[PDB]
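Heads up, the thing below is written out as structure tokens.
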Amino acid sequence: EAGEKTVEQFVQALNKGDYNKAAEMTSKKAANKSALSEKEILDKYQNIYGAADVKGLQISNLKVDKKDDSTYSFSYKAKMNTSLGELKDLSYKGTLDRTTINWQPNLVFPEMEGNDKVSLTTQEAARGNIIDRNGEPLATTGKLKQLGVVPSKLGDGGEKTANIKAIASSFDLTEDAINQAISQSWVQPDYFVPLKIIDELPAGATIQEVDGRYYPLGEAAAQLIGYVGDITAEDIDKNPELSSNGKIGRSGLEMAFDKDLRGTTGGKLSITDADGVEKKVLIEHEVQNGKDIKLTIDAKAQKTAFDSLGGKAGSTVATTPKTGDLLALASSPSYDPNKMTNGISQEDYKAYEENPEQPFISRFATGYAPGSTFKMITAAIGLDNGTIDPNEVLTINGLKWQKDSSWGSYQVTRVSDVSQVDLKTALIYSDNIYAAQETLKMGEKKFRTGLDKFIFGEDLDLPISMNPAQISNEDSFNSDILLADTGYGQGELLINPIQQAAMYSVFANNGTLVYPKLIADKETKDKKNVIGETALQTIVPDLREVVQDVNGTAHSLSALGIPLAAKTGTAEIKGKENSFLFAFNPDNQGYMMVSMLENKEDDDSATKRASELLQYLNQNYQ
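Mapped onto PDB author numbering, the consecutive letters of the sequence shown carry residue numbers 43 to 140, 145 to 245, 250 to 624, 631 to 678.
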């Protein structure tokens, strides 16, 4: 009756740590009612349930009925979450009076009687590190600065209020937040009461150094690594093995490898008699430390790649294309993962969600039209099937071309005016009209046959969430304009930067495609004969001219004095434009880079921003 709600209100209050509210629901202390006074009951739950971090108390099969006119009986099954994980199949039983709960020790844990105690031993498992190809930390334990207060040094009355106000407005907190922290239940006068992580102290405010998850590259590798947060009951819902007070990965590799990284915390939750002699083991685990995970990433390359994007929207992928190691996976703009993982205000989180440039997106894992860099793939395909002859010269006048008036107002646009265009000229000058006309001359069937040799439709063996690359939306183009547009990397093509680096690896591998790899020990995987050796010996020398020719679209990189083959490109979206650079060392095939600027501002380019990373990759990856 009203007793089913009393039992429910009681468990609910336990489930929110309101032990005081639980105690107030109990009968008075008498032989046939409660075993302890309301004050001793409060202290019992605070000591036991507080220490074991009990949360997620959920009950079922609540059965209640009359025994006496004044007393009902109740019974139910319960699960809870603790520091050593979930306890389930707990059968609870007792009686109510009038309505109040006749409190007894077995309403803490079911087999508890009289003066039984609870003993908890815990041994912290260490979360594994994510480290780069040389052992530098990407996700690790750091020494963190913790703001807190000693309530006995805050002063008295009005001076306490002034110190709490100074603390709240000198460390961006609320005075209300401070007072809850001080109030709680476990607090004592000279206890250090933690308040916040921070990276002039009013009286009573101190800083202690504490271990915590730490990301040394900060925003520079934030999308890839991700961050950890506090475990909630929904997480334990999904996974019972989860400790109630642990950390769980919330995005990136921290979330993709959470089970590997977290290990298992260890200890023993048990009921003893008043002397400490074990009566029942509730939970027993051996501690297991998490596994460290070693990436192909080069931290210095990662930081250079991110910084060179200058907070603008874009991405950079660097690889060693013969083995497929990913040396950098940069996405910009970014978020601060150390703030995501520590105190994160709703003021700043929504600011990250408001941003129209969306710093949360992993742009290296996001499909884009690859842009006119892709002419070099269309070229390879047409050199192979014979449709493209590198000695043929097309006559192209002006900046705009259209097959006929069925294209309406749509026209393919190129950048400059040289009117006798062969393949090499098309690649050096980035002539989209050449490419569009070849592609139409190939025909969809030959073009798709060549495209099918790459990795469209494939899911990559990578611990990064992403969609397979697509040629178009449907199985056919069903449009001459879409076929032409795809020829120079527009249309409905969608290829993310890692997929693009995979496809472009064929120029460093004599026509074999090498699959990207992020885990350092994983085996190199590849795919033979994606482009013919014919095509490759025509195209790489031209791509050298993209740099070496005075009018080559990447001629500014010639001044670096390092061996380079490159292709620039743009993708236009009906007046937003993306800018691309593809570059690798064609002397030693030591490295490869693909770089994008999304929605580029005027006079900006991926190429204008590549030099420092190319100098670093050239020096270190031969």
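For each residue, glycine too, the CB sits at the ideal point set by N, CA and C.
Excluding the 5 residues flanking it on each side, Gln169 has same chain C-beta neighbours closer than 8 Å at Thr315, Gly316, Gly317 and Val337, in chain order. Under DSSP, the beta-bridge partners assigned to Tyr114 are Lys108 and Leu138. Straight-line spacing of the CA atoms in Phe506 and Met553 works out to 10 Å. Two segments are said to touch when three or more pairs of C-beta atoms, one from each, lie closer than 8 Å; by this definition the segment 371-384 does not touch the segment 601-620. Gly360 has its alpha-carbon roughly 11 Å from the corresponding atom of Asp660. With a contact defined as Cβ atoms closer than 8 Å, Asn148 and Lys119 miss out at about 19 Å. Collapsing the DSSP output to three states places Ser229 in a helix. Residue pairing by DSSP places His335 opposite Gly317 in a beta bridge. In the DSSP assignment, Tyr264 is bridged to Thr186.
Contact between the segment 535-548 and the segment 495-515 is present: three or more C-beta pairs spanning the two stretches fall below 8 Å. Cβ neighbours of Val597 within its own chain (closer than 6 Å, five residues either side excluded): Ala604, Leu607, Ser608, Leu614 and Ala616.
Burial is judged here by how many other beta carbons sit within 10 angstroms of a residue's own beta carbon; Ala363 has at least 16 and is buried. Between the segment 519-531 and the segment 558-568, the count of C-beta pairs closer than 8 Å stays below three; the two stretches do not touch. Beta-carbon to beta-carbon, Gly262 and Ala172 are separated by about 12 Å, too far to satisfy the 8 Å threshold. In the DSSP assignment, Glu654 falls outside any beta strand (DSSP E), carrying neither H nor E.
In this structure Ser469 is not in contact with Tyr479, their Cβ atoms being roughly 11 Å apart against a cut-off of 8 Å. A straight-line Cα-Cα distance of about 8 Å links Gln100 and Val53. Separation of the CB atoms of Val106 and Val49 is rounded to 7 Å, and the pair is thereby assigned contact status at 8 Å.
Scanning its chain for C-beta atoms nearer than 8 Å, with the 5 sequence neighbours on each side dropped, one finds around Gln88 the residues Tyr61, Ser231 and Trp232, in chain order. Taking a C-beta distance under 7 Å as the contact criterion, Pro420 and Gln550 qualify as a contact pair. Comparing C-alpha distances from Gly160 to each of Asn392, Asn152 and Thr167 shows the shortest one belongs to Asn152.
In this structure, DSSP gives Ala212 a helical state, which the three-state scheme calls helix.
Listed in chain order, the non-local C-beta contacts of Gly279 below 6 Å within the same chain comprise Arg300, local neighbours out to five positions each way being set aside. Cβ contact annotation for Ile347 (same chain, cutoff 8 Å, sequence separation greater than five): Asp178, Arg179, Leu184, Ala271, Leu274, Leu376, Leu377, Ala378, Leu379 and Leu568, in chain order. The beta carbon of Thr137 sits closer than 6 Å to those of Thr113, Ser115 and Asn148, all from its chain and outside the five residues before and after it, given in chain order. According to the DSSP assignment, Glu622 belongs to the beta strand (DSSP E) that extends over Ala615 to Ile623. Across the structure, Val260 and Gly188 are spaced so that their CA atoms are roughly 8 Å apart. Inclusion of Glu668 and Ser358 in the CB contact set at 7 Å is warranted, their separation being smaller than that value. Counting along the chain, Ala639 sits inside no alpha helix (DSSP H); it lies in the beta strand (DSSP E) bounded by residues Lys632 to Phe640. Just so you know, the alpha carbons of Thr167 and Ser79 end up roughly 28 Å apart. Inter-segment contact for the segment 445-457 and the segment 386-401 is absent: fewer than three beta-carbon pairs are separated by less than 8 Å. Selection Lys572, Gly127 and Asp139 evaluated against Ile286 yields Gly127 as nearest (Cα-Cα). Rounded to whole angstroms, the separation of the alpha carbons of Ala351 and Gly181 is 14 Å. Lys108 and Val154 have their C-alpha atoms roughly 23 Å apart.
Pairing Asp95 with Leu319, the inter-Cα distance amounts to about 12 Å. Rounded to the nearest angstrom, the Cβ distance from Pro566 to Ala306 is 15 Å, too far for a contact under 8 Å.
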